[PDB]
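**Student:** I have a structure I would like to understand better, so I am pasting it below and will then ask my questions one at a time.
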Amino acid sequence: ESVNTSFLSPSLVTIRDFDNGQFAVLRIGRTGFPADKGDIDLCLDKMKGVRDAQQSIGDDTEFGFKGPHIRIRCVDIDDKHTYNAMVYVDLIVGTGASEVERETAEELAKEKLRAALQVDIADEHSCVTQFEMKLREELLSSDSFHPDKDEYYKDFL
Amino acid sequence: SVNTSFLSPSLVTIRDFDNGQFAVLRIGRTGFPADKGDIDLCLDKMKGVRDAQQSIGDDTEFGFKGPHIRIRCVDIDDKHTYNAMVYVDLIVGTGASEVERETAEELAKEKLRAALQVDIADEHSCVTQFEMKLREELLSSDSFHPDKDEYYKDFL
Amino acid sequence: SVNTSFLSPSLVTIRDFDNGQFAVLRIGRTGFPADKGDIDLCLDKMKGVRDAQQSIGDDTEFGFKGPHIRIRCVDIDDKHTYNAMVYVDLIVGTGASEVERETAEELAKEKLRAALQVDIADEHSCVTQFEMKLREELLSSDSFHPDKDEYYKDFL
C-alpha cells in the first residue's frame with residue numbers, strides 16, 4: 001500500500017507515504033476528537049502542498065541537491081468551533097549557507113508555503129490553514145542526514 | 001473502512017470509520033498476540049454496542065437528547081477458554097435527573113445484555129460480559145464528542 | 001495477512017497472521033524512516049526464522065516438545081552500508097538437561113546463520129547478524145505462547 005495510516009490513539013495518527021517518501025503526524029489537538037477520513041484526507045492534501053512547495057524551490061531528488069529542503073512534520077487540526085489546521089514544517093538548509101542565502105531560502109519557502117497550504121483562507125476542505133516553520137542546518141552530504149530523520153518528529157509523538 | 005494497528009502484540013487499536021467508532025483490543029489475561037479471530041470478535045462487539053445504541057435511539061439526529069452508549073475496549077481472556085470483557089461508557093446529558101439516569105442505565109444494561117449476548121457462548125464461542133462507566137456531558141457543546149480521546153485513557 | 005503500523009518514522013510493528021509471527025522493525029542507528037525495502041527485508045528475516053524453526057521441528061505439530069525459535073526484532077543500520085541485527089528468542093522446555101539445551105542452542109545457531117544469511121550480503125544487499133536470547137517455559141502451560149507480549153518489552 002502506498003500510504004500507511006495508524007491510530008496511536010483516537011486523536012493521534014501516523015501517516016507514512018511510501019510513494020512520495022514523506023511522514024506526517026496527524027493530531028486533533030484542541031478537541032481530542034477522533035480523526036476521521038476527512039481529517040486524514042486534509043492531512044494528505046497538506047502533505048501534497050509541502051512537496052509541491054519543495055518542487056517549486058528545487059528538485060530534491062537530484063544527486064548533490066544543495067537544498068533547501070521543506071519537510072512536513074505534523075498537521076494539528078482544531079475542529080472545536082470552526083475547521084482549522086496548523087501545519088508544522090521544517091526548513092533545512094546546508095551548514096555551509098551564508099546569512100543572506102538563509103534569509104533568501106526562508107522567504108522564498110514561506111512564499112511557496114503560503115500559496116501551497118492556502119494560508120489564512122478556507123480550502124477545499126473548508127479548512128483555514130496556518131503554518132509554523134522550524135529552521136535547521138545540516139551537512140546535506142553527510143551519511144547521517146535524512147530530511148525525515150525520526151528525531152525531527154519528537155515534538156509530535 | 002476499518003483501520004487496525006498493533007501497538008504491541010496484545011494491544012491493538014481499531015478505528016471503524018464507516019460507523020464512527022473506536023475500540024482498543026486488549027488480550028489482557030494472557031498477553032498472547034491478537035489474531036484475526038480476536039479482531040473479528042472485537043468488530044462484532046463494536047457492532048453489538050452500536051446496535052444497542054440504535055435501540056435506545058438514533059444518535060445521528062440533531063438534538064438527540066441521549067444517552068450515548070459507546071464502546072471503549074474489548075478485553076479478551078483466551079487462557080483456558082474464550083471470554084471477553086467489553087468496556088463501554090454510558091453518557092448522559094448533565095441536564096438529567098437522578099431518576100432519569102438510573103432509568104437510562106437500566107435501559108442501556110438491558111439492550112447490551114441482548115446485543116452483546118452476555119453470559120452465553122456467541123458465534124465465536126466467546127462468552128461475553130460488560131462493564132459500564134457513567135459519564136455526564138453537555139451533549140450540545142462544541143467540545144463534546146462521544147469518543148473524545150480522554151475517554152480511552154485507561155485502555156491505552 | 002500482514003498488518004504494519006508506524007509507531008514513529010523509524011519504529012514499525014509487523015504482525016503476520018498467516019504465519020503467526022510478530023516483529024518490531026527499527027531503524028536504530030540512523031533513525032531514518034522505514035521504507036518498503038526495509039519492511040520487505042524484515043519480512044524476509046521473519047521467513048528465515050520460521051524456516052529455521054521447521055528445520056529444528058514442526059512447531060505446528062501437537063504436543064510439540066520444542067524448542068521454539070522466535071523472531072522479536074530486526075534492527076537495521078543503514079548509515080554507511082546496509083546491515084541488520086536480528087534479535088531472536090530460543091525457548092526450550094523447562095525440563096531439559098544441560099546437554100539437551102546445548103544441543104538445541106547450537107542447532108538453532110547453525111540453522112539461523114544459514115537462514116538469515118549471516119555475514120554475507122543477502123537478496124536486499126544487506127549483511128545480517130543475529131543475537132539469541134535463551135528462555136525456558138513450561139511448553140504445555142496454558143499461560144504459554146511463543147510470542148507473548150512480555151517477550152518484546154526490550155523493543156517497544
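We name chains A, B, ... following the order of the C-alpha cells; residues begin at 1 in each chain, and ligands are numbered from 1 as shown.
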Check which residues of chain C sit at most 10 Å from chain A using only C-alpha atoms, and return one row each with the closest pair of atoms and their distance in Å to one decimal, ordered by chain and rising number, as JSON lines.
**Tutor:**
{"residue": "C:3", "atom": "CA", "partner": "A:4", "partner_atom": "CA", "distance": 10.0}
{"residue": "C:4", "atom": "CA", "partner": "A:4", "partner_atom": "CA", "distance": 7.8}
{"residue": "C:5", "atom": "CA", "partner": "A:6", "partner_atom": "CA", "distance": 5.6}
{"residue": "C:6", "atom": "CA", "partner": "A:14", "partner_atom": "CA", "distance": 6.4}
{"residue": "C:7", "atom": "CA", "partner": "A:14", "partner_atom": "CA", "distance": 7.1}
{"residue": "C:8", "atom": "CA", "partner": "A:150", "partner_atom": "CA", "distance": 6.9}
{"residue": "C:9", "atom": "CA", "partner": "A:150", "partner_atom": "CA", "distance": 5.4}
{"residue": "C:10", "atom": "CA", "partner": "A:150", "partner_atom": "CA", "distance": 5.9}
{"residue": "C:11", "atom": "CA", "partner": "A:150", "partner_atom": "CA", "distance": 8.9}
{"residue": "C:27", "atom": "CA", "partner": "A:150", "partner_atom": "CA", "distance": 9.1}
{"residue": "C:28", "atom": "CA", "partner": "A:150", "partner_atom": "CA", "distance": 9.9}
{"residue": "C:29", "atom": "CA", "partner": "A:144", "partner_atom": "CA", "distance": 9.1}
{"residue": "C:30", "atom": "CA", "partner": "A:144", "partner_atom": "CA", "distance": 6.4}
{"residue": "C:31", "atom": "CA", "partner": "A:150", "partner_atom": "CA", "distance": 5.1}
{"residue": "C:32", "atom": "CA", "partner": "A:149", "partner_atom": "CA", "distance": 4.7}
{"residue": "C:33", "atom": "CA", "partner": "A:149", "partner_atom": "CA", "distance": 6.3}
{"residue": "C:34", "atom": "CA", "partner": "A:18", "partner_atom": "CA", "distance": 9.0}
{"residue": "C:35", "atom": "CA", "partner": "A:18", "partner_atom": "CA", "distance": 6.4}
{"residue": "C:36", "atom": "CA", "partner": "A:18", "partner_atom": "CA", "distance": 6.9}
{"residue": "C:78", "atom": "CA", "partner": "A:143", "partner_atom": "CA", "distance": 9.0}
{"residue": "C:79", "atom": "CA", "partner": "A:143", "partner_atom": "CA", "distance": 5.8}
{"residue": "C:80", "atom": "CA", "partner": "A:143", "partner_atom": "CA", "distance": 6.2}
{"residue": "C:81", "atom": "CA", "partner": "A:143", "partner_atom": "CA", "distance": 9.6}
**Student:** From a DSSP calculation on the backbone, collect every residue of stretch 44-127 of chain B in strand (DSSP E) and output the set as a compact mmCIF listing (two decimals) with N, CA, C and O atoms, in the first residue's frame.
**Tutor:**
# COMPACT_ATOMS: atom_id res chain seq x y z
N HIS B 68 -25.76 8.25 25.26
CA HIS B 68 -24.83 7.59 24.35
C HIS B 68 -24.33 6.31 25.00
O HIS B 68 -23.95 6.32 26.17
N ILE B 69 -24.31 5.23 24.24
CA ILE B 69 -23.60 4.01 24.66
C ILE B 69 -22.42 3.79 23.71
O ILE B 69 -22.63 3.45 22.55
N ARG B 70 -21.20 3.97 24.21
CA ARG B 70 -20.02 3.94 23.37
C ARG B 70 -19.05 2.85 23.81
O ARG B 70 -18.72 2.76 24.98
N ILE B 71 -18.58 2.04 22.87
CA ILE B 71 -17.57 1.05 23.21
C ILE B 71 -16.22 1.72 23.44
O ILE B 71 -15.88 2.72 22.78
N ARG B 72 -15.46 1.20 24.40
CA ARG B 72 -14.10 1.66 24.65
C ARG B 72 -13.04 0.58 24.40
O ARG B 72 -12.01 0.83 23.76
N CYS B 73 -13.28 -0.62 24.93
CA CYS B 73 -12.26 -1.68 24.94
C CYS B 73 -12.92 -3.05 24.98
O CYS B 73 -13.94 -3.25 25.64
N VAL B 74 -12.34 -3.99 24.23
CA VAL B 74 -12.73 -5.39 24.30
C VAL B 74 -11.51 -6.13 24.84
O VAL B 74 -10.48 -6.21 24.17
N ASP B 75 -11.62 -6.64 26.06
CA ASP B 75 -10.52 -7.35 26.70
C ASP B 75 -10.77 -8.85 26.67
O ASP B 75 -11.71 -9.36 27.30
N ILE B 76 -9.94 -9.55 25.90
CA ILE B 76 -10.13 -10.96 25.65
C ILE B 76 -9.30 -11.81 26.60
O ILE B 76 -8.11 -11.56 26.80
N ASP B 77 -9.96 -12.78 27.23
CA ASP B 77 -9.29 -13.77 28.06
C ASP B 77 -9.32 -15.08 27.31
O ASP B 77 -10.39 -15.71 27.19
N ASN B 83 -13.22 -15.83 26.50
CA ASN B 83 -14.08 -14.88 27.17
C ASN B 83 -13.71 -13.45 26.80
O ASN B 83 -12.55 -13.15 26.47
N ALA B 84 -14.69 -12.56 26.87
CA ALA B 84 -14.43 -11.15 26.62
C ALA B 84 -15.14 -10.25 27.62
O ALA B 84 -16.31 -10.47 27.94
N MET B 85 -14.40 -9.27 28.12
CA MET B 85 -14.97 -8.18 28.91
C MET B 85 -15.01 -6.93 28.03
O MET B 85 -13.97 -6.42 27.62
N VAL B 86 -16.23 -6.46 27.73
CA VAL B 86 -16.47 -5.26 26.93
C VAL B 86 -16.67 -4.02 27.81
O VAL B 86 -17.63 -3.93 28.57
N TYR B 87 -15.76 -3.06 27.70
CA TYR B 87 -15.88 -1.81 28.46
C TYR B 87 -16.61 -0.77 27.63
O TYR B 87 -16.15 -0.42 26.54
N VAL B 88 -17.73 -0.27 28.15
CA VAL B 88 -18.49 0.79 27.49
C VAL B 88 -18.69 2.00 28.41
O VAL B 88 -18.53 1.89 29.63
N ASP B 89 -18.98 3.15 27.81
CA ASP B 89 -19.38 4.36 28.53
C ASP B 89 -20.87 4.59 28.27
O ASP B 89 -21.34 4.44 27.13
N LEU B 90 -21.61 4.91 29.32
CA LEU B 90 -22.97 5.42 29.16
C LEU B 90 -22.92 6.91 29.42
O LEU B 90 -22.58 7.35 30.52
N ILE B 91 -23.20 7.70 28.40
CA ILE B 91 -23.07 9.14 28.53
C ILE B 91 -24.44 9.80 28.60
O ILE B 91 -25.23 9.71 27.66
N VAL B 92 -24.72 10.45 29.72
CA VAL B 92 -25.98 11.17 29.88
C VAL B 92 -25.73 12.67 29.87
O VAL B 92 -24.67 13.14 30.30
N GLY B 93 -26.71 13.42 29.37
CA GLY B 93 -26.65 14.87 29.45
C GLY B 93 -26.64 15.33 30.90
O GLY B 93 -27.26 14.69 31.76
N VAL B 127 -17.68 -16.10 25.45
CA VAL B 127 -18.64 -15.76 26.48
C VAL B 127 -18.38 -14.32 26.92
O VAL B 127 -17.26 -13.96 27.29
**Student:** Skipping near chain neighbours, those fewer than 4 positions away, what residues fall within 7 Å of stretch 125-141 of chain A using only C-alpha atoms, listed as an MDAnalysis selection string?
**Tutor:** chainID A and resid 42 83:95 117:121 145
**Student:** Please dump the current selection as a short mmCIF file (atom, residue, chain, number, x, y, z; two decimals), in the first residue's frame; keep N, CA and C atoms.
**Tutor:**
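File written: part.cif
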data_model
loop_
_atom_site.label_atom_id
_atom_site.label_comp_id
_atom_site.auth_asym_id
_atom_site.auth_seq_id
_atom_site.Cartn_x
_atom_site.Cartn_y
_atom_site.Cartn_z
N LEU A 42 -7.43 15.72 4.61
CA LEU A 42 -6.90 17.07 4.80
C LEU A 42 -5.40 16.98 5.00
N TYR A 83 -13.29 24.87 11.44
CA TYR A 83 -12.29 23.92 10.96
C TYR A 83 -10.98 24.62 10.61
N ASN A 84 -9.97 24.41 11.45
CA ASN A 84 -8.65 25.00 11.28
C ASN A 84 -7.54 23.96 11.35
N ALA A 85 -6.41 24.27 10.72
CA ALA A 85 -5.23 23.42 10.84
C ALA A 85 -3.96 24.22 10.99
N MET A 86 -3.06 23.70 11.82
CA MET A 86 -1.71 24.23 11.93
C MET A 86 -0.72 23.20 11.35
N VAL A 87 -0.02 23.59 10.29
CA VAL A 87 0.97 22.72 9.66
C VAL A 87 2.39 23.06 10.11
N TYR A 88 3.05 22.11 10.77
CA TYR A 88 4.44 22.27 11.20
C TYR A 88 5.38 21.72 10.15
N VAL A 89 6.27 22.58 9.65
CA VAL A 89 7.21 22.21 8.61
C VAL A 89 8.60 22.55 9.12
N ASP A 90 9.60 21.83 8.62
CA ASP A 90 11.00 22.14 8.89
C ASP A 90 11.57 22.69 7.59
N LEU A 91 12.36 23.76 7.68
CA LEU A 91 13.17 24.20 6.55
C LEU A 91 14.61 23.81 6.85
N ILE A 92 15.19 22.97 6.00
CA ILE A 92 16.56 22.52 6.22
C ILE A 92 17.51 23.11 5.18
N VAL A 93 18.46 23.93 5.63
CA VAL A 93 19.49 24.47 4.75
C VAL A 93 20.85 23.84 5.06
N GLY A 94 21.78 23.95 4.13
CA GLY A 94 23.10 23.36 4.31
C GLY A 94 23.92 24.14 5.32
N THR A 95 24.68 23.44 6.16
CA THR A 95 25.52 24.09 7.16
C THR A 95 26.38 25.20 6.54
N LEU A 117 -0.20 25.82 0.88
CA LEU A 117 -1.01 25.42 2.04
C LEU A 117 -2.31 26.22 2.19
N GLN A 118 -2.51 27.19 1.29
CA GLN A 118 -3.67 28.10 1.33
C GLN A 118 -3.86 28.74 2.70
N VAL A 119 -2.81 29.43 3.13
CA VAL A 119 -2.77 30.04 4.46
C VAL A 119 -3.82 31.14 4.57
N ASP A 120 -4.55 31.13 5.68
CA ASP A 120 -5.47 32.20 6.02
C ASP A 120 -6.70 32.29 5.13
N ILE A 121 -6.91 31.29 4.27
CA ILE A 121 -8.16 31.17 3.54
C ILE A 121 -8.77 29.78 3.75
N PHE A 145 22.62 12.17 7.49
CA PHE A 145 21.49 13.05 7.20
C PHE A 145 20.38 12.41 6.36
#
**Student:** Which chain C residues have any atom within 12 Å of an atom of chain B, and for each, what is the nearest pair of atoms with distance in Å to one decimal, counting only C-alpha atoms, rows sorted by chain and number, as a Markdown table?
**Tutor:**
| residue | atom | partner | partner_atom | distance |
| --- | --- | --- | --- | --- |
| C:1 | CA | B:36 | CA | 9.0 |
| C:2 | CA | B:36 | CA | 10.5 |
| C:3 | CA | B:5 | CA | 7.2 |
| C:4 | CA | B:5 | CA | 7.2 |
| C:5 | CA | B:5 | CA | 5.6 |
| C:6 | CA | B:5 | CA | 8.6 |
| C:7 | CA | B:7 | CA | 7.3 |
| C:8 | CA | B:7 | CA | 11.0 |
| C:11 | CA | B:7 | CA | 10.6 |
| C:12 | CA | B:7 | CA | 9.2 |
| C:13 | CA | B:6 | CA | 6.5 |
| C:14 | CA | B:6 | CA | 7.8 |
| C:15 | CA | B:6 | CA | 7.4 |
| C:16 | CA | B:35 | CA | 9.2 |
| C:17 | CA | B:35 | CA | 6.3 |
| C:18 | CA | B:36 | CA | 9.1 |
| C:19 | CA | B:35 | CA | 10.7 |
| C:20 | CA | B:35 | CA | 8.0 |
| C:21 | CA | B:33 | CA | 8.7 |
| C:22 | CA | B:9 | CA | 6.8 |
| C:23 | CA | B:9 | CA | 8.8 |
| C:24 | CA | B:8 | CA | 8.9 |
| C:72 | CA | B:9 | CA | 10.6 |
| C:141 | CA | B:79 | CA | 9.5 |
| C:142 | CA | B:79 | CA | 5.9 |
| C:143 | CA | B:30 | CA | 6.1 |
| C:144 | CA | B:30 | CA | 8.0 |
| C:145 | CA | B:32 | CA | 6.3 |
| C:146 | CA | B:32 | CA | 8.6 |
| C:147 | CA | B:33 | CA | 6.6 |
| C:148 | CA | B:32 | CA | 4.8 |
| C:149 | CA | B:9 | CA | 5.4 |
| C:150 | CA | B:31 | CA | 7.3 |
| C:151 | CA | B:9 | CA | 9.6 |
| C:152 | CA | B:8 | CA | 8.1 |
| C:153 | CA | B:8 | CA | 9.1 |
| C:154 | CA | B:8 | CA | 11.8 |
| C:155 | CA | B:8 | CA | 9.8 |
| C:156 | CA | B:8 | CA | 7.4 |
**Student:** Based on DSSP run over this structure's backbone, return all residues of stretch 44-139 of chain A in alpha helix (DSSP H), as JSON, numbers by chain.
**Tutor:** {"A": [44, 45, 46, 47, 48, 49, 50, 51, 52, 53, 54, 55, 56, 57, 99, 100, 101, 102, 103, 104, 105, 106, 107, 108, 109, 110, 111, 112, 113, 114, 115, 116]}
**Student:** Fewer than 2 positions away in the same chain doesn't count, so skip those; otherwise give me all residues within 8 Å of stretch 102-109 of chain C, counting only C-alpha atoms, as a ChimeraX atom specification.
**Tutor:** /C:52-53,56,67,69,90,92,98-100,111-113
**Student:** Could you write out that same residue set with C-alpha atoms as an mmCIF file, in the first residue's frame?
**Tutor:**
data_model
loop_
_atom_site.group_PDB
_atom_site.id
_atom_site.type_symbol
_atom_site.label_atom_id
_atom_site.label_comp_id
_atom_site.auth_asym_id
_atom_site.auth_seq_id
_atom_site.Cartn_x
_atom_site.Cartn_y
_atom_site.Cartn_z
ATOM 1 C CA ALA C 52 14.958 -22.393 10.747
ATOM 2 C CA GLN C 53 12.124 -23.380 13.098
ATOM 3 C CA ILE C 56 14.520 -27.984 14.217
ATOM 4 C CA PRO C 67 12.450 -25.864 21.062
ATOM 5 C CA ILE C 69 12.971 -20.177 17.732
ATOM 6 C CA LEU C 90 15.317 -19.615 21.714
ATOM 7 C CA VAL C 92 13.424 -24.696 25.425
ATOM 8 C CA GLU C 98 22.257 -29.192 30.185
ATOM 9 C CA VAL C 99 23.311 -31.217 27.169
ATOM 10 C CA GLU C 100 19.853 -31.099 25.576
ATOM 11 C CA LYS C 111 20.185 -23.077 11.075
ATOM 12 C CA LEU C 112 19.922 -19.311 11.696
ATOM 13 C CA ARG C 113 23.386 -18.498 10.345
#
